[PDB]
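Residue numbers (the authors' numbering), protein chains in the order written: chain n, 2 to 259; chain j, 569 to 710.
Below is one structure, written out as structure tokens; the observations come after it.
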Amino acid sequence: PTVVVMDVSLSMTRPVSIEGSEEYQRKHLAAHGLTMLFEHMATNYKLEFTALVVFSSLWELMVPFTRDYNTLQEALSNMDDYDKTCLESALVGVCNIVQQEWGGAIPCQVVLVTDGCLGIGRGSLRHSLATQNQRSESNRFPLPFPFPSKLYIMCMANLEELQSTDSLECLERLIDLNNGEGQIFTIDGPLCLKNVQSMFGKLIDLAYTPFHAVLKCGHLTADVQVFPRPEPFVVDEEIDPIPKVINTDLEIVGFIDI
Amino acid sequence: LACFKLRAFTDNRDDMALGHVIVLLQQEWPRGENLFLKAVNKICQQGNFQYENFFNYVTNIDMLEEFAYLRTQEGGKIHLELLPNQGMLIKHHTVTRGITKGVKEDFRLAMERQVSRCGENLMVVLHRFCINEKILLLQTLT
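What follows is the structure, given as structure tokens:
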């Protein structure tokens, strides 16, 4: 499956520093370009459905299991605003909606989509979202969700602005509490959709290589050709493991009961 | 900016003072975010804010971003007015569906317009807002 987090948030309805990306609203920027939430599935993970939902506080989802990136673009363009702003909660809701819409047991990859520029104080969204170091009575909480996904909060701006807004700090704290849900914020300056695409491009883990190979089997009238590379397993480590390649040849020898 | 900070941080909650303090934070940001934070938190759920010179006078992203973030649940989870001439229109812009969620959409539209109108720099926007205030406060200098 696929997971898409359309940041329909009132906080995520304003520019970053001076003006929007495509000289207009976030919807125009989303229409002009998108992250790796759909490109990876279009290229590699063909067998996957996406739940185009724009939501902050409640599951306002209308898109069923479908691979149409046009629906995702429309939903992202429709992510104008709402009455909430919480990156981790948005990621959790997006993952839950994607699981409930595209497929229950189908893996997906959700990320955090919110502005987060609320300010440290009475309305910090990290305080009400990063709640994992206590509550032993409710240790079996929604975090971690029953799906392998690393929620990542995008960051491409100045270091001083990232530290004052506490975006990278809260993201790193959430990743540490969630045990790696989020890459290291190694990005700064006026950066395009490259860090976000890198952090959201992990939804192509089920790709394949449509190649071919051949084999030699002497001068018999019934030969055999090796298949593609198999799945590695713990059989014999030897020096070190590595992905397999096209095998040279086999040999049909022996005859036993069928 | 100092006068706006004095008028806003004081015991009064003047809509003009709050809008000026948020707008005057365009000079110093994100280093001088204290004034913007005080303007955003103080007027997050003001309600009775008679303002009619904030939509066009303010052109920086931060001024509209404060109101947009206030419209969410991180800024009091309350309704606000963001249409042009909202102070006078309050008789015909009462509590409805458009003042809580539609107001957020209108703030998004205003931010989009400012992004389209990004040619107006900090100096140009400051001069235009000072000219508008001088026209309004020509006989209110006291």
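All C-beta atoms, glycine included, are put in the ideal place defined by N, C-alpha and C.
Query                                                                                                           : Result
Status (buried if at least 16 other CB within 10 Å, exposed otherwise) for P2(n)                                : buried
Interface partners of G124(n) on chain j, CB under 7 Å                                                          : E642, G643
Contact list for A576(j) against chain n, beta-carbon separation under 8 Å                                      : Residues of chain n passing the Cβ test: none, with the nearest at roughly 16 Å.
Residues that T3(n) bridges to, as DSSP identifies them                                                         : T51(n)
Under 8 Å between C-beta atoms of residue 345(n) and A91(n)                                                     : The displayed coordinates of chain n run from 2 to 259. Any statement about residue 345(n) would go beyond what the structure contains.
Contact check, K672(j) vs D82(n), beta carbons under 8 Å                                                        : yes
Contact list for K672(j) against chain n, beta-carbon separation under 8 Å                                      : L11, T14, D81, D82, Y83, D84
Chain-ordered chain n contacts of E649(j) [CB-CB under 8 Å]                                                     : By Cβ distance, chain n contributes nothing, its closest Cβ being about 15 Å from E649(j), past 8 Å.
Spatial distance of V6(n) from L194(n) (CA atoms)                                                               : 15 Å
First and last residue of the uninterrupted alpha helix (DSSP H) at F635(j)                                     : 629-638
Ordered list of beta strand (DSSP E) runs contained in the segment 118-151 of chain n, each at least 3 residues : none
Inter-residue Cα distance where the pair is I188(n) and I154(n)                                                 : 12 Å
Beta-bridge pairing of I154(n) - partner residues as DSSP gives them                                            : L113(n)
Neighbourhood of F66(n) by C-beta, 7 Å cutoff - its chain only, sequence neighbours within 5 removed            : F50, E102, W103, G104
Under the three-state DSSP convention, the category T187(n) falls into                                          : coil
Min CB distance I19(n) to chain j below 8 Å                                                                     : yes
Option in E170(n), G122(n), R27(n) with minimal Cα separation from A76(n)                                       : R27(n)
Candidates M13(n), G120(n), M37(n), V254(n): closest to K203(n) by CA position                                  : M37(n)
Selection from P598(j), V591(j), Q594(j), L603(j) that minimises the alpha carbon distance to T578(j)           : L603(j)
Simplified DSSP state of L706(j), which is helix, strand or coil                                                : coil
Within chain j, the residues that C118(n) reaches when beta carbons sit closer than 7 Å                         : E633, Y637
8 Å Cβ cutoff, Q26(n) in contact with chain j                                                                   : yes
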